[PDB]
Each structure stands twice: as C-alpha cells, then as structure tokens.
Amino acid sequence: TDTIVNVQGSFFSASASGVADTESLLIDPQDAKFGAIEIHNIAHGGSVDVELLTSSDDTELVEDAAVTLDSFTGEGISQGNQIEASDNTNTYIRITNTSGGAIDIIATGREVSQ
Amino acid sequence: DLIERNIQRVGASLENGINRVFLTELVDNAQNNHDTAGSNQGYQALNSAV
Ligand SMILES: [Mg+2]
Ligand SMILES: [Mg+2]
C-alpha cells in the first residue's frame with residue numbers, strides 16, 4: 001500500500017576540453033561519491049579509442065590489465081552503454097584521442113554502490 | 001419462551017430492514033466520491049473523503 005517516488009541515483013560525468021592528439025581522459029571511479037560508475041554516454045569531438053584498465057595500485061593507475069573496448073570515428077555520441085568501473089576493483093576507463101588534432105570529450109552516466 | 005424468541009426475531013428482522021433502507025440510501029445518494037483506484041485505501045482514503 002505504501003507509495004514511494006523513485007528518483008535515479010547520482011549523476012556522474014568526466015570531461016576535457018582540447019585534449020591533445022595522443023592524450024586521454026582518465027575516468028576514475030575515485031571521483032564518484034559511491035565509489036563505482038556506470039558510463040552510459042561518450043560524446044567525442046573526433047576519433048577515439050576506449051580502453052578499460054585495472055590498476056596494480058589502490059589509488060593510482062599502474063597498469064595490470066588493459067583491454068581496448070572499441071574505436072569510435074568522427075564526431076558523435078555513443079549512448080546506452082554499461083561501461084562499468086569501481087575504485088575497490090581498481091578499474092579505470094581511458095578515452096584516447098586519435099584525431100589529427102585536439103578534441104573535446106564528455107562522458108556521462110551514474111554512480112553505483114561500491 | 002417461543003413467543004419471546006419470536007418477538008425478538010420480529011424486532012431484529014425489522015431493525016435489519018431499517019438498516020438496509022438506511023445503508024442503501026447512504027451509499028446510493030452521497031454527492032461526493034473518493035475514487036481510491038485500488039491504492040492509498042485506509043486512512044488516506046478516509047481523510048480524502050473528509
Ligand atoms: Mg582503488
Ligand atoms: Mg463535491
């Protein structure tokens with residue numbers, strides 16, 4: 001009988017303006033308050049490689065495992081993803097620019113409990 | 001005492017009749033309505049009706 005209104009759990013975003021020709025956006029779950037993130041959207045101003053990394057260290061990225069998830073080309077939106085990372089699993093998401101110049105990158109999603 | 005029993009039955013039977021007439025009127029002719037729509041029935045339905 002009891003009726004509750006459901007609002008979705010905390011928004012998460014990582015962004016960079018003018019990330020250089022081989023530089024990257026390091027999406028780090030440490031920046032989320034619940035400690036884990038689920039990236040739905042990656043808006044990219046040019047071609048990018050997406051890479052999922054596990055660190056050998058609890059709080060800095062020192063690469064243990066690395067897998068390139070996909071390559072996106074042109075300017076556009078990838079949406080409806082469930083790219084998943086958390087601090088306690090030491091998981092980082094990297095978006096690397098592969099354009100012949102600087103681009104803008106905006107990743108968005110929501111927090112998940114650690 | 002069967003006459004007392006039957007006096008009791010006749011009394012109760014009429015009182016039941018009064019109650020039928022009363023309830024039927026009360027339910028049929030109320031100008032206000034609170035449509036619960038299968039939800040918040042109980043106190044919230046009573047309070048909403050008030
Ligand atoms: Mg960690
Ligand atoms: Mg009215």
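Our structure is the block above this text.
Conventions and cut-offs
- Residues numbered from 1 in each chain as written, not as in the entry; some residues may be left out.
- Chains lettered and ligands numbered in written order.
- Part of a larger assembly, values for the part shown.
- Heavy atoms only, no water.
- Helix = DSSP H or I, 4+ residues; strand = E, 2+ residues; numbered from the N terminus.
- Rg over C-alpha atoms; globule rule 2.2 N^0.38 Å.
- Buried < 20%, exposed > 50% of the residue type's maximum accessible area, 1.4 Å probe, protein only.
- Areas by Shrake-Rupley, 256 points an atom, 1.4 Å probe, with all protein chains shown as cover.
- Contact = heavy atoms within 4.5 Å.
- Donors = N, O, S within 2.8 Å, 3.2 Å for Na, K, Ca; no water.
- Pairing = 2+ DSSP bridges.

(A) The arrangement of the overall build of chain B in detail. A tally of helices and strands in chain B yields two helices and zero strands. For chain B, the C-alpha radius of gyration of 18 Å lies well beyond 10 Å, the compact-globule estimate for 50 residues. The C-alpha extent of chain B, read off along each of the three principal axes, is 50 × 20 × 15 Å. The buried share of chain B, taken over its 50 residues, is 2%. Here chain B has roughly 4,900 Å² of accessible surface; of this, 52% comes from carbon and sulfur atoms.

(B) Geometry of the overall build of chain A. Along its length, chain A carries zero helices and nine strands. For chain A, the N- to C-terminal ordering of α and β elements is β-β-β-β-β-β-β-β-β. The dimensions of chain A, computed from C-alpha atoms along their principal axes, are 60 × 30 × 20 Å. Within chain A, the proportion of its 114 residues that are buried is 38%. Put simply, of all contacts in chain A between residues at least 6 apart along the chain, 79% involve residues at least 24 apart. For chain A, the accessible surface area stands at approximately 6,600 Å², while carbon and sulfur atoms represent 44% of it.

(C) Geometry of unusual backbone geometry. One non-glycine residue, A:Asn90, lies in the positive phi region at around 60°. Relative to the helices and strands, A:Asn90 resides in the loop between strand 7 (83-86) and strand 8 (91-97). Unusually for a residue other than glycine, B:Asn40 sits at a positive phi of about 55°. Locating B:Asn40 in the fold gives a position in the loop between helix 1 (2-28) and helix 2 (43-49).

(D) Quick look at the coordination of the magnesium ion (ligand 1). All names here are of chain A. At 2.0 to 2.1 Å from the magnesium ion (ligand 1) lie its protein donor atoms, namely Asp 58 (O), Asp 87 (O), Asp 87 (OD) and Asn 90 (OD1). The sequence motif formed by the donor residues of the magnesium ion (ligand 1) is D-x28-D-x2-N. According to the relative accessible area criterion, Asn 90 is buried, its value standing at 10%.

(E) Seen up close, the pairing of strand 3 (residues 35-44) of chain A. Residue and element names in this part refer to chain A. In terms of residue burial, strand 3 counts as a mostly covered element, since eight of its ten residues are buried. Sheet analysis places strand 3 next to strand 7, joined by four bridges and oriented antiparallel. Note that in strand 7 the partner of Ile 39 across the bridge is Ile 83. Two strands pair when backbone bridges link them, and strand 3 and strand 6 (residues 76-78) are joined in this way by three bridges, in the antiparallel orientation. In the sheet register, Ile 42 faces strand 6, and the bridge partner there is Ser 78.

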